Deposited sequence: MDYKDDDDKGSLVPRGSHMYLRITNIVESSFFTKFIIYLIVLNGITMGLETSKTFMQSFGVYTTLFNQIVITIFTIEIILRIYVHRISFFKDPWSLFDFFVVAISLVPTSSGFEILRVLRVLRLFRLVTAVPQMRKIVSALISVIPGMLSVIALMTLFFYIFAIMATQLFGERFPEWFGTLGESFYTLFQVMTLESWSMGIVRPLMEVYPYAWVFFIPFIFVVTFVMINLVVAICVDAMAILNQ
């Protein structure tokens, strides 16, 4: 505990935290600039290095954090997150998921974690309804696969297509002009299937929204 106590005083420092939060904003701005073809032609090298750096520093940090916190660290969701997203950046999609390190600014900032925590908190109460929904979708996706998939493969060819189309219908997006009117040119009674779907899923959803009152 001679050396370990010297570490723990660093990790707990506000400097360290202020230093990490710093690099987050830096790297965060860096990634918005890596977005420009122009900028990368002129400064892309300076940048890809500056990235290699921060992920170094961040890896050090986690390892430091893990010494100081031992098994407490892996019981911590905010750290687990921090862990997971740095791990990702160690490893061509993975190239893109590296951006999720900017969420570190949520974990790393208590103002923010509060909100996220506050919203995540409400979720459990909502879940039993979420399974109602999903049971509802699955039954309808199934029925819609076999009612309309033969003549309308793009939208209902497969269970997953039906799931997607039904999601879209639930958002009400182009549901009549784009989906149900076309359908009725072949299945005049398609409205018997989709109007009640909309009544239900967009009456549960309003009700599912309301469970937002916890926050």
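In sequence order, what intervals of the deposited sequence carry no C-alpha positions? Those parts of the chain that were deposited but carry no coordinates are 1-16, 108-113, 238-244.
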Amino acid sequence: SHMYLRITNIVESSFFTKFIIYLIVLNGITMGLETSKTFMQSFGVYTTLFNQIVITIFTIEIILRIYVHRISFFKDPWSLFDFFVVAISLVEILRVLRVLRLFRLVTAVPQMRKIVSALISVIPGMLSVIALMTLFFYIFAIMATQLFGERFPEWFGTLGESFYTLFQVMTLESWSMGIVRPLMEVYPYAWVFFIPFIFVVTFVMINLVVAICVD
From here on, numbers count along this sequence of modelled residues.
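So which stretch wins on mean C-alpha B-factor, 81-89 or 136-144? The deposited B-factors put 81-89 ahead on the C-alpha mean.
Select between 96-104 and 124-132 the stretch whose C-alpha atoms have the higher average B-factor in the entry. 124-132 has the higher mean C-alpha B-factor.
Please pick out which of 177, 183, 53, 172 has the largest Cα B-factor as recorded in the entry. The listed residue with the largest C-alpha B-factor is 53.
Highest CA temperature factor in the entry: which of 168, 35, 158, 42? Answer for 168, 35, 158, 42: 42, with the highest C-alpha B-factor.
Would you mind ranking residue 190 by its C-alpha B-factor against the rest of the chain and naming the third, lowest, middle or highest? It falls in the bottom third of the chain.
Based on the deposited C-alpha B factors for this chain, I'd like to know if residue 162 is in the lowest, middle or highest third. Lowest third, going by the recorded CA B-factors of the chain.
Lowest, middle or highest third - CA B-factor, residue 10: Top third by C-alpha B-factor.
Per the entry's values, where does residue 58 land by CA temperature factor relative to the rest of its chain, in the lowest, middle or highest third? Middle third, going by the recorded CA B-factors of the chain.
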